[PDB]
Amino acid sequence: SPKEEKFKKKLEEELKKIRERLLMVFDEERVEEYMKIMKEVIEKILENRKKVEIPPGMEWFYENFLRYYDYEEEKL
């Protein structure tokens, strides 16, 4: 799916920049665990759209990702 593919490509690039910036604040392993939890939440949200469990402290990310996906989808 070229539309889904472009979305996933842009999302992976955003995640790469986020990972780089986090490596300036936290140790490598903490950043890796955080990125893994984030990708898990992204997967669940995308699969449900195609009640989602949300880890504590990530509710902000769930709301922001809904806003981000709706924005990119209306753009695509």
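Start at 1 and count along the sequence shown; that's the residue number.
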Gap size, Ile37 back to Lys36 (deposited sequence, no coordinates)
none
With reference to the PDB entry, specify whether the mean Cα temperature factor is higher for 52 to 60 or for 15 to 23.
52 to 60
Once average C-alpha B-factors are taken from the entry for 5 to 13 and 62 to 70, the winner is 5 to 13
Of the three thirds of its chain by CA temperature factor, lowest, middle or highest, which one includes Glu28?
middle
